[PDB]
Amino acid sequence: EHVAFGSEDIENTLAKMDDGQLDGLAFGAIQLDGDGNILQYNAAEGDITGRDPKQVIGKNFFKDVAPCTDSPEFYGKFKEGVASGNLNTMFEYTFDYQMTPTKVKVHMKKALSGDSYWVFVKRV
Ligand SMILES: *C(=O)/C=C/c1ccc(O)cc1
């Protein structure tokens, strides 16, 4: 159905969803493993960044796809959350690698499932 960016139970709703439903979301959604490998990447995220979802699946988000996120403010918070088991943070960021610099809001949250973490993205 509809689900709003930043919803308190977003991870419960998205646990229900297959690839096609994820492509129906109003915001960008990326699912990562604990090493930052890309497990899912939806159509809305591709609309923001110009990346073909089919070609980024399996690549490492912090090393290869999104080097500008390798920073204490983004990757640093991700690794702290993976280690502590409590990842749930929202912040503003700029995506500027091989693209027009684009201001975004990012929400990172642990999934329901084992060894999975979401990055949600919306333009601001
Ligand atoms: C900075 O390098 C960010 C790059 C980026 C962010 C999000 C994406 O889905 C793809 C590339």
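Because the Cβ atoms are built from the backbone with ideal geometry, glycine has one as well, and the counts that use them run over all protein chains shown. Just so it is clear, none of the values below were taken in a lab; they were calculated from the coordinates.
Before moving on, here are some points about what is shown:
- In order through region 50-57: 3J(HN,Hα) via Karplus (6.51 cos²θ - 1.76 cosθ + 1.60), integer Hz, x for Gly, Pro: x, 8, 6, x, 5, 9, 9, 4
- Between the C-alpha center of region 41-79 and that of region 1-15 there is a gap of 20 Å.
- Anchor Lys54: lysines whose Cα lies under 19 Å away (excluding residues fewer than 8 positions away in-chain): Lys63
- For the chain: relative contact order, % (alpha-carbon pairs under 8 angstrom, 6 or more apart): 25
- Each residue, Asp35 and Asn88, gets one label point 7 Å from its Cα in the Cβ direction; the gap between the two is 2.9 nm.
- Over the chain, DSSP H runs of length four or greater, each weighted -39,500 (n - 2.57), average out per residue to a 222 nm ellipticity of -5000 deg cm²/dmol.
- Placing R0 at 25 angstrom, the Cβ-Cβ distance between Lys105 and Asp18 gives a FRET efficiency of 0.45 after rounding to 0.05.
- Shape of the chain, Cα gyration tensor, a/c cut at 1.5: rounded
- Measuring between alpha carbons in the structure, the pairs from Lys16/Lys110; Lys77/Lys105; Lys16/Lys59; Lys79/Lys110; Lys16/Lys105; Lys79/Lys105 lying more than 22 angstrom apart are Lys16/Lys59; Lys16/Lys105.
- Estimated from the Cβ-Cβ distance and a Förster radius of 22 angstrom, the FRET efficiency linking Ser7 and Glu80 is about 0.45.
- Extending 7 Å from the Cα toward the beta-carbon at both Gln55 and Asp96 defines two label points whose distance is 2.4 nm.
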